[PDB]
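The structure appears below as structure tokens.
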Ligand code: NA
Ligand code: NA
């Protein structure tokens, strides 16, 4: 099986491995993309894998140690790929490691998976070549479709709670105004909330975007009194099944999520 750290990396793997081997995802829905605790049985799955796919030690810190014992012909470390380096985005002294939100990095990931699976399973070269073909065709078609869906929303300002979507935003020309540090469970105290609400109004935000783990109460406490619309973005596509068309569905779903709140 191909074992991916995170569900959207599973989407990409499952396109290339389709009908060749299963793909499995380690990280549960709602668990920490950084600090999940791998169980002994996750380690075994990693070591048993035909191929391990992950972003790298600056994202899934939780698997760094476990993947040391695994040869390089059996792992794709996306942040270390030659074709990814120039696409890695540094800002305010930090690199964005949410690489599965970049269509171009997703394409280099698919290419790297394809290349490793072909060396490992030459008896399936043709199916794997066909799978990479279908993945790229669907990615091109989705890119253009999403591009057109989000083109008319340039200039609609918004804030997010998790500044994780920059690859997708910079690629499709979206206009985020900035981000608020907000606990998903506990709303901010009156002072900082006051500041947030006035920024929402001052900078003329159309929307504020939370993620599925935020309690609605906390999101409402933020948007209350402003007339800024509330949105939800799922950067992990927890509602999408693995499968050949899944990465494209993921990109399109995310487009819909944005468009839905920003549309006017
Ligand atoms: Na390079
Ligand atoms: Na983060």
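Suppose the filter is surrounded by 18 or more Cβ atoms within 10 Å (Cβ to Cβ), within 16 Å of ligand 1 (Cβ to nearest atom) and part of a helix (DSSP H, G or I); does residue 112 pass it? It is true that residue 112 is surrounded by 18 or more Cβ atoms within 10 Å (Cβ to Cβ), within 16 Å of ligand 1 (Cβ to nearest atom) and part of a helix (DSSP H, G or I).
Checking the conditions here, which among 206, 181, 198, 232 is over 27 Å from residue 5 (Cα atoms) and in contact (Cβ under 8 Å) with a residue 12 or more places away in the chain?
That would be 206, the only listed residue that is over 27 Å from residue 5 (Cα atoms) and in contact (Cβ under 8 Å) with a residue 12 or more places away in the chain.
Each residue in the stretch 1-15 was checked for being surrounded by 18 or more Cβ atoms within 10 Å (Cβ to Cβ) and more than 14 Å from residue 100 (Cβ to Cβ), and 2 pass. Every condition in (1) surrounded by fewer than 21 Cβ atoms within 10 Å (Cβ to Cβ); (2) touching a residue at least 24 places away in the same chain (Cβ under 8 Å); (3) within 16 Å of ligand 2 (Cβ to nearest atom) is met by residue 138 except one, and the failing one is (3). Filtered by the rule that a residue be surrounded by fewer than 14 Cβ atoms within 10 Å (Cβ to Cβ) and either part of a helix (DSSP H, G or I) or within 14 Å of ligand 1 (Cβ to nearest atom) (or both), the stretch 84-105 gives 85, 86. The criterion of being assigned to a helix (DSSP H, G or I), under 26 Å from residue 35 (Cα atoms) and either more than 16 Å from ligand 2 (Cβ to nearest atom) or assigned by CATH to the domain that holds residue 19 (or both) does not hold for residue 130. For the stretch 75-94, the criterion of a residue being in contact with a strand residue (DSSP E or B) (Cβ under 6 Å, 6 or more places away or on another chain) and within 23 Å of residue 119 (Cβ to Cβ) is satisfied by at least one position. Just one residue in the set 221, 249, 217 is in a helix (DSSP H, G or I) and under 29 Å from residue 18 (Cβ atoms); that residue is 249. So for the stretch 192-206 (the condition being on the phi > 0 side of the Ramachandran plot and touching a helix residue (DSSP H, G or I) at 6+ places or on another chain (Cβ under 8 Å)), does at least one residue qualify? No, there is no match, as no residue in the stretch 192-206 is on the phi > 0 side of the Ramachandran plot and touching a helix residue (DSSP H, G or I) at 6+ places or on another chain (Cβ under 8 Å). When the criteria are applied in full, residue 73 fails the requirement of being more than 16 Å from ligand 2 (Cβ to nearest atom), within 19 Å of residue 253 (Cβ to Cβ) and exposed (fewer than 14 other Cβ atoms within 10 Å of the Cβ).
Restricting attention to the stretch 57-70, the residues that are more than 16 Å from ligand 2 (Cβ to nearest atom), surrounded by 15 or more Cβ atoms within 10 Å (Cβ to Cβ) and outside any helix (DSSP H, G or I) total 1. Pairs linking a residue in the stretch 69-94 that is assigned by CATH to the domain that holds residue 167 to a residue that is away from ligand 2 (no atom under 16 Å from the Cβ) and not in a loop (DSSP other than H, G, I, E, B), with Cβ atoms under 9 Å and 6 or more positions apart or on different chains, do not occur.
Free of Cβ contacts under 8 Å to residues at least 12 places away in the same chain and either within 16 Å of the chain's Cα centre (by Cα) or more than 16 Å from ligand 1 (Cβ to nearest atom) (or both): does that describe residue 31? Taking the combined requirement at face value, the residue satisfies it.
Among residues that are surrounded by 18 or more Cβ atoms within 10 Å (Cβ to Cβ) and either free of Cβ contacts under 8 Å to residues at least 40 places away in the same chain or not assigned by CATH to the domain that holds residue 24 (or both), residue 43 is not included.
The residues of the stretch 49-61 that are closer than 15 Å to residue 26 by Cβ and without any contact (Cβ under 8 Å) to a residue 40 or more places away in the chain amount to a single one, 61.
Tell me yes or no: at least one residue of the stretch 157-171 is closer than 27 Å to residue 76 by Cα and without any contact (Cβ under 8 Å) to a residue 40 or more places away in the chain. Outline the logic, then answer.
The first filter runs over the stretch 157-171 and keeps only residues closer than 27 Å to residue 76 by Cα, leaving 162-171.
Then keep just the ones that are without any contact (Cβ under 8 Å) to a residue 40 or more places away in the chain; that gives 163, 169.
Yes, some residue in the stretch 157-171 is closer than 27 Å to residue 76 by Cα and without any contact (Cβ under 8 Å) to a residue 40 or more places away in the chain.
Backbone-built Cβ (ideal geometry, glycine too); neighbour counts: all protein chains shown. The values are calculated or read from the model by the stated rules, or taken from the named source; none is laboratory data.
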